[PDB]
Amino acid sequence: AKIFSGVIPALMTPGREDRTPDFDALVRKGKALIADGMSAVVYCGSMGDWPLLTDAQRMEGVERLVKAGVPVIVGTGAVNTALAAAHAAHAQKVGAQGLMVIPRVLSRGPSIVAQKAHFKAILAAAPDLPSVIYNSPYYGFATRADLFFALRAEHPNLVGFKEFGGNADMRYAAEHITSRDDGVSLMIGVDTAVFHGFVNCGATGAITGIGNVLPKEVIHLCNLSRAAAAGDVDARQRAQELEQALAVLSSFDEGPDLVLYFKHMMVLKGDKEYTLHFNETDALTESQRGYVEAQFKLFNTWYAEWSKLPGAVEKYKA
C-alpha cells in the first residue's frame, strides 16, 4: 500500500479569530509538510478537531488539499454511520488517495455486529480508495483478526491496520494480521511507538501528531527505525536514543489535551494561526503551558547537539 508508506501527519485545523477554519493555512501546512519529507496527510481526524467542525467544513478542507496536490487520507470519524459513509463517498469523488475508517461511536460502540456493519458501509462507499482500520480502546471495542479478514474478503480496499491501544495490541496485529505476504500493512497510530512499530511489528508507515511540529525530527526517527528494521546496528541504538528524547512531547498524543498541546508547539515554532481553538475556553493551564515550553526547549537543545553526531545520525536525515 503506497499511500500508507512513510511518515504521515494528521493535520490540525487552523481557525480565524471568529473561529471558522482557515483552509488556506491548512493547505499551506500540508504543502510545507510534504516539502519537508512527508508522504501524505490525514484530514480531518482528531488532531483536526472534527467534532468541532461540520461535515461540510471537513469536505471543503479535504477538497482544498486534494486540489492543492497533497496526498490525502480522509478521516471518516463522525457522529453516525450515514455521515461516516458520506465522508467516504466524498473522498473518492474529489479524488482523495486514502481512507481512514473509524469505528462507530456514541451508539452501539462495543457491539462487534454493529461495528462490522458500520465498517462495511464505509468501505463500500469508496471501493476504489485504499483503506485502513483504526483500532483503539477509546471506542470500547477491539478489531481482531477474524473481523479484519471477514471484512477484507468482501472489501479488497481494506489493506491497512492502524493501532493505538499499546505495545501488546501492536504485537498482536503484527502476529495475527499484518505479517502475511498479502499487501496488508501495519501503520503506527501513536507517536510514542515509532521504534516499536517499525522494528518489532514490521510497520509500513507512521501517522504522526508531533510530526506537524517537528517533521524533520520525526522523519529522522522513522528513517533510523526503518534502518533498524533492516538490521542496522548503529541506527537501532540512535533511534531508541531519539525516541527517548522525544517521548515526553510524543506522549501528548496519548492524552486528552493533544490538540491543545500540539497547537501550542506550532505557536512556539512560529505559526500564529494555531493560537485560537474552535472553542475559546479550550486552553492549557499556566502549569501545562509551563511544562511544554520547558520540554520543547529541552528537546530542541538536546537535538541541536545530538543531530550533529557522525554515523547513522548523519546518514539518516530526512
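One rule holds for the numbers: they count along the sequence shown, beginning at 1.
Of the two segments examined, 82-90 and 153-161, it is 153-161 that shows the higher average Cα temperature factor in the deposited entry. Stretches compared: 304-312, 13-21. Higher mean C-alpha B-factor in the entry: 13-21. Per the deposited coordinates, the residue with the largest Cα temperature factor out of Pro103, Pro110, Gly209, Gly197 is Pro110. Set against one another, the Cα B-factors of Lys269, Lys263, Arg289, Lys31 in the record reach their highest point at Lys269. When the modelled residues of the chain are ordered by their C-alpha B factor, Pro71 lands in the middle third. Per the PDB record, residue ranking by Cα B-factor puts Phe252 in the middle third of the chain. Per the deposited record, the Cα B-factor of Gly45 falls in the middle third when ranked against the other modelled residues of its chain. Ranked against the other modelled residues of its chain, the C-alpha B-factor of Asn223 as given in the entry falls in the lowest third.
Sort the chain's modelled residues by C-alpha temperature factor and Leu129 lands in the highest third, per the entry.
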